[PDB]
2 protein chains.
Amino acid sequence: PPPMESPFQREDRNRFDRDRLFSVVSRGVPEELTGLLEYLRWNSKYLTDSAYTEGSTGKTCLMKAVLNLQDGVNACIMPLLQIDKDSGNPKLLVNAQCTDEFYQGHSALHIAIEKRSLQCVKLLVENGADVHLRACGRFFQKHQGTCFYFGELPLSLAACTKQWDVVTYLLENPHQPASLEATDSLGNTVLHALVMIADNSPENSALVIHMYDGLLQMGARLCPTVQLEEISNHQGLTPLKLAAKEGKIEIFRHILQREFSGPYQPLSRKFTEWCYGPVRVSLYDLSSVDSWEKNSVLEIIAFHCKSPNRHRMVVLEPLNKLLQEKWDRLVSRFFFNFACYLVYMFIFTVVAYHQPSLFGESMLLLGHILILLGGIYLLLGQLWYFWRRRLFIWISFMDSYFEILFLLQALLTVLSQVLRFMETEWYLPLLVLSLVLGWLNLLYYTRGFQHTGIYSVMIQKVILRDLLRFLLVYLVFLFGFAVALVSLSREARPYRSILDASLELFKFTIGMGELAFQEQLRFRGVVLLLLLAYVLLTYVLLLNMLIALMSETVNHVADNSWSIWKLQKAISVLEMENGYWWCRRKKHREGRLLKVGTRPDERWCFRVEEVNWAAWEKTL
Amino acid sequence: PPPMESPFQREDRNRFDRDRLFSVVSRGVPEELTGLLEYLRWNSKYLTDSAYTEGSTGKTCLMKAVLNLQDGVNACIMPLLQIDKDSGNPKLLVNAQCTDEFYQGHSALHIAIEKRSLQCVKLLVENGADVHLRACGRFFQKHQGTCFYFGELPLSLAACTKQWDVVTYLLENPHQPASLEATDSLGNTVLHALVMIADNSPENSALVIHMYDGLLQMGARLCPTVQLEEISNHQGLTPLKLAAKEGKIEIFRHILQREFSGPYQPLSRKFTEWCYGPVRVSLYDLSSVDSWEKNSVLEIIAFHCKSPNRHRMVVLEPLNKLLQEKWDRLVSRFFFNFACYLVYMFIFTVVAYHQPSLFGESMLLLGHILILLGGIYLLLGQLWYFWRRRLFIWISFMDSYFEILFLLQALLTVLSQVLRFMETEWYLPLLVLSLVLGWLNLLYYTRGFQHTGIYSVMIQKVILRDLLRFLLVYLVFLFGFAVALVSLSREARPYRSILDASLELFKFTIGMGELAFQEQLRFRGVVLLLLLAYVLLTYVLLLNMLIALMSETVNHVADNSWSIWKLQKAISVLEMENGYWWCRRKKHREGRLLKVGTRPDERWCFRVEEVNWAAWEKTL
Ligand SMILES: CCCCCCCCCC(=O)OC[C@H](COP(=O)([O-])OCCN)OC(=O)CCCCCCCCC
Ligand SMILES: CCCCCCCCCC(=O)OC[C@H](COP(=O)([O-])OCCN)OC(=O)CCCCCCCCC
């Protein structure tokens, strides 16, 4: 794509001509525009015609004038608009937009706002600039390349660039006021766009929070009957749900715990009830948060968010206490499920232990029937889970590999019981491997306790992703030395096959490597030197991997295992609330309906008791 | 060498004599010089004669006067010059220089500049001091001993000591102005000398950058038609190339990304094109940087620089994006080379696996021919590489040991195929060892991916240089206890040879050491005590080496593996751009020719798109 503006490269082409006009509006001298209007009238042409624009983009002379503002003012703008009006152009020059795929919908008002020229914005608005044109090119979309997403609207651009005067002028100018309800091509409003450009750094979060609160307070004046935070985009997300999905923890916490006093009190989501010393009791708005409603904040955080700080969101209030009462309500069902799986696995172990050769027989047949029925039940449950987690399936197993393991165990159980009916001998390794998987699957339920559940998070770490990368080097070492030892030992004056030599070389890592002078071999010295070289290289490699893993993991970073265990409990709770595949529970709504003021402002509120001695001592 | 000045040691000798004159010019009283001119006229002698100088160095009385400045002024200087003029000396005393090998070319103007006496500099220049005398002794060269390299010229001395007034006076005095184009004995100009004295500390870098920019701006006035940064020294290096070779990262980054506005705009190498929010688009000068030109900055960084921060240079713009587009253009050739090596190694493994005893036979002969041809091809390619990397060969394999390994593998392959024609049995261990090396050489191509290529940098570290130092102690332990166990076990009431006992003692480190009461030996108690002592000493040594290696490597230093992987990709790209030994590619020039102003200032410019949200938010 060509540059937006370039002092060194002339515009593409893919008497008053285009080059003279562009040079005049670049210099900014209005008196050199004389004769342009007469030339346009003589040739019956307009400034919006393709001959007077950049060929590749459709960038006009007015955008060239705004792109060359000197101290916020270009004197060629108003005479250019006067010439455009006097030429009888049915398409206004202020509303002309670029046509290329990279800068599609880009207009001069966007350039005037981005150049922070309030005078130019006023001059464009006074002459009929549409304040709802959407810059929807690839440069203005959100992706990993060179781009600037701010929404697509001029008001969203003015908000995302921290321009209070431009926002105030656009919202209530008498010519054409901008609407806070206006949406971009994705359905995003200005609050959605502020959530989009939000980062978790303190300065960006402060800017986004200030802009969000100010725009909400002005929406309380300009459109008081409009719920600005209840507007959903094309994904069905509100700004709170969008902040939950994108991992924008700071603005999510600010919206979730928002409190105002006096005026703008209906804009609050947190309402202080009473205080007594270090005890503070508050009411929290549960709208769009409680899992009783479809597509809630909790469901989005658990199953739709990809961000690494999902575990930091679930420990914020009121989410923490709400998930705590849900877990206290469902802990008996959790341990009943654990007891059922223990019974199933015990019968599995008894049946697999007493297999026959390739009253007791009837009991073994009954146990085989029970194993088949339990495998069918688990298979149907896992298939229902993966059907419900349809669209976000890649997000489903990135932290829930036990779902994959349970599905695989049930599939192996059903396959082994099918192969037993066909009387093939391969049912027994399948049954044994499903028994292995079933006993490994019992470690899912360690998350029911704090002591085991936190520890199961502390043990597993980034070792798994580096194990494969070390294994890539180690397998090359193993295969090369194995084929070498097989080739060299074929002549007599140990290593008969590739698998045997590979096993003997793998024995060195477990402390059982045989290292001897193979006197019956012809090349025994070279074989011994190859073994010693392999041992030294493998030990150097193992020391390298240990020290490298030691460098990334020991860094004194504070322990986040408690919040990850809380996130695991939240996922378990939200799955347990749906019931079973054969019996669906009716959802129970949390909180109480309370009137908190006048919009009667009746909301479902959750009461949270907080004790904080240091915070209370700081205000004395 | 004697001291430059010493209040305690008298000058060497290797009526108005030398001692009285030296004491007078040390005290600084001009009225005690009476009778010196008459004595010199009577004896027909001059102050520059060997009788009036230090014997070992040739240091004169004027240098003695300047070395004893009191508050920047010595009153004996002007009468001494008057006596020198009145004596009819054909050699001026101001231009007399020291003659010893340590202080060769040292003059009084250098001492006046180093003493920061602008009055003395003006006094010397007004009386005819040559401002282009070069201090070229061993003290003024650059080496690891006691030295001060500043260039060799008075202007370079004034610049390297941060003396703006002295530089300004030397550049435009009406008596004899110094030239910015003047070069030292190495061809270094003042900008080269500033690059030479540059350090990567912030204060030294700030001083060097300020001096460099000021001298370039004054060269824009004094010699506007002279390209000061295009001057090459005797090594053919410009100041940018010299900064790239010496690892001077700060001044290299400053020169590479230099930008000026308004006046001194032709001195810029970076030209901002357009900005829109956090997006900044700039043009970068590619002169002497692009690898299309011989001896470029990229080639110097990859193959000529010895400094440890080579990987920090390649991640700077515009080098990072340029190397990225080069890699995107050559990645298919990289993986085609990988596929060819995989095919060659697979045929190697198949041929080595199916060797006979010391249609299938014809296929094995064809495979032997293919192995021989591939070995010849790889040998010729590696020989061509080491021929092209002729002068800097020691810099070539300090980070590219795979070149050595590929050459050794090809040599072993050719030697094994030669020995097979001679029908000796030793071809088979050579073939097996070349197979080992060829399978190890496949790990070169892990750098083609980020995931494997970064990890291959993270695993290897300083363990290799400490492994040899630990091995020096461990081999002494092993040999001493081995000869002990062989000597002690010779008498009966296990260890028959040195190699056997060494292997049994090495078995303890791999977890297979045999530790038993050798009841058939006569000295079984002493043998058991020797084994226990060896085990304890070896385990203490291993624990020491593990903890010592743990101390140097775990230090929370930020990971530089990504930049080292980028440097490896840069080396691969620059080698792939030359083509093959049998087919040399034509170089493709990067960037576009654009006019950036008036010197028409036409440069080859590279467009770089940068997104930086925090930097843009800081200016709002
Ligand atoms: C169809 C109508 C008949 C229903 C019969 C009652 C079924 C109870 C189901 C139950 O408790 O589930 C236990 C377990 C499910 O694991 P999970 O979803 O918690 O975790 C899933 C992975 N996250 O599932 C199992 O362990 C398999 C059940 C088979 C053994 C039953 C033994 C009963 C002993 C009293
Ligand atoms: C003389 C005219 C005939 C030329 C025939 C084509 C040769 C292709 C060369 C090639 O792709 O090089 C692969 C490799 C070189 O390694 P490198 O320089 O990337 O890395 C070097 C170390 N850094 O070299 C090899 O692997 C050896 C080539 C022998 C096997 C060819 C198999 C072909 C299968 C299609």
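Easy rule for this one: first residue shown is 1, then count along the chain.
Header lists the method as electron microscopy, 2.5 Å.
The backbone N, Cα and C atoms fix where each Cβ goes, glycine too.
The local packing around B:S23 (phosphoserine), expressed as other Cβ atoms within 10 Å of its Cβ over all shown chains, amounts to 12. The phosphoserine annotation in Swiss-Prot covers B:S23, and the record cites a large-scale study or a structure entry as its basis.
Helix, strand and coil content of the repeat 'ANK 2' (B:57-103), in residues and according to DSSP, is 16 helix, 2 strand, 29 coil. Taken from Swiss-Prot, the feature repeat 'ANK 2' applies to B:57-103, supported by experimental evidence.
Annotation comment: Swiss-Prot describes B:104-149 as repeat 'ANK 3', evidence class experimental evidence.
What Swiss-Prot lists as repeat 'ANK 5' is B:186-234.
Residues or ranges marked as topological domain 'Cytoplasmic' in Swiss-Prot: B:385-390 (among others). Within its own chain, the topological domain 'Cytoplasmic' (B:385-390) is flanked in space by residues 303, 396, 403, 407, 575, 578, which lie at least six positions past its ends and keep a Cβ under 8 Å from the stretch.
The topological domain 'Extracellular' annotation in Swiss-Prot covers B:412-425 and is backed by sequence analysis. The DSSP breakdown of the topological domain 'Extracellular' (B:412-425), given as helix, strand and coil counts, is 10 helix, 0 strand, 4 coil.
Residues or ranges marked as topological domain 'Cytoplasmic' in Swiss-Prot: B:447-467 (among others). Within the chain, the topological domain 'Cytoplasmic' (B:447-467) has long-range Cβ neighbours (under 8 A, six or more residues past its boundaries) at 331, 334-335, 338, 545, 548-549, 552-553, 559, 561-562, 564-565, 568-569, 572.
Taking Cβ pairs closer than 8 Å, the topological domain 'Extracellular' (B:412-425) reaches residues 348, 358, 368, 371-372, 374-376, 378-379, 431, 433-434, 437-438 in its own chain, all 6 or more past its ends. Across the repeat 'ANK 5' (B:186-234), DSSP classifies residues as 31 helix, 0 strand, 18 coil. Sorting each residue of the repeat 'ANK 3' (B:104-149) by its DSSP state yields 16 helix, 0 strand, 30 coil.
When secondary structure is read from DSSP and collapsed to three states, B:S23 (phosphoserine) falls in the helix class.
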